[PDB]
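Next up: just one chain, as structure tokens, the form deposited in one PDB entry.
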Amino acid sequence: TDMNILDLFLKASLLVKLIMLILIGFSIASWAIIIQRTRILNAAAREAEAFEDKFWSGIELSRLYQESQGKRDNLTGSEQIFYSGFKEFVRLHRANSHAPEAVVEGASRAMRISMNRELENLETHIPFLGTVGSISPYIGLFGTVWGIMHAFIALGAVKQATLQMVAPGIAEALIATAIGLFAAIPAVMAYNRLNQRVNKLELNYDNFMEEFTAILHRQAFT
């Protein structure tokens, strides 16, 4: 704003020019991750809420297993936690020689991994936001300091140089901090929100894990 829209970092030294690229890239990458993860966590929350309804609807569990087998390549969230648990339970229980209770323990670990593998797939790009939201201020400051050191060096042969022939060079060095903070505010603010969404999905899957292992431990004996 209040400066020529056609002129930028382009004329500056190769290092502040490079710092400009990695910082603006971050901001673009940060916003792309915010949109990708916001869509995915909305979809996962909707699919988990729909599945806890379908599961509590009281239709008998072989129907769930036989229909989920009808779409086994596209299972996600609580349906994929259910499927891995019931798959291991029927496989292991099939070996009636098993310890009646020990079937429940084996099935529960089957779901525990399935939960961790789904929950990791929800998380994939979130630790990058915690990186941008912590290094981006300092990368901005380091870009600015290099810009300042390069503004004075560009006049270091002349002492008569008036402040009017370095002030634009100083302003163009502060941009690296302004971009460096502008990439940080969305990143660390969204990193806290998304981590919290992921914990809500973890607690919802852990609720489903208890609900299923309860009706499983019942069905194993009565």
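Rigid core (definition): largest C-alpha set, two forms, superposition within 1.5 Å. Don't overthink the numbering: it's just position in the shown sequence, from 1. Shifts are known only where both forms have a C-alpha.
Form deposited in another entry: not shown, discussed below.
Undergrad: I want to make sure I read this right: if the two forms are fitted on their rigid core, which of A43, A50, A171, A161 has a C-alpha displacement of 2 angstroms or more between this form and the one not shown?
TA: One residue passes the 2 Å cut-off, namely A161.
Undergrad: Tell me, please, whether between this form and the one not shown the C-alpha of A95 is shifted by 2 Å or more, with the rigid core used for superposition.
TA: Yes; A95 is a residue whose C-alpha shifts (by 2 Å or more) between this form and the one not shown when the cores are overlaid.
Undergrad: Spell out which consecutive segments of 3+ residues have Cα shifts of at least 2 angstroms at every position between this form and the one not shown, with the rigid core used for superposition.
TA: Only these runs move by 2 Å or more: 3 to 8, 95 to 97, 152 to 163.
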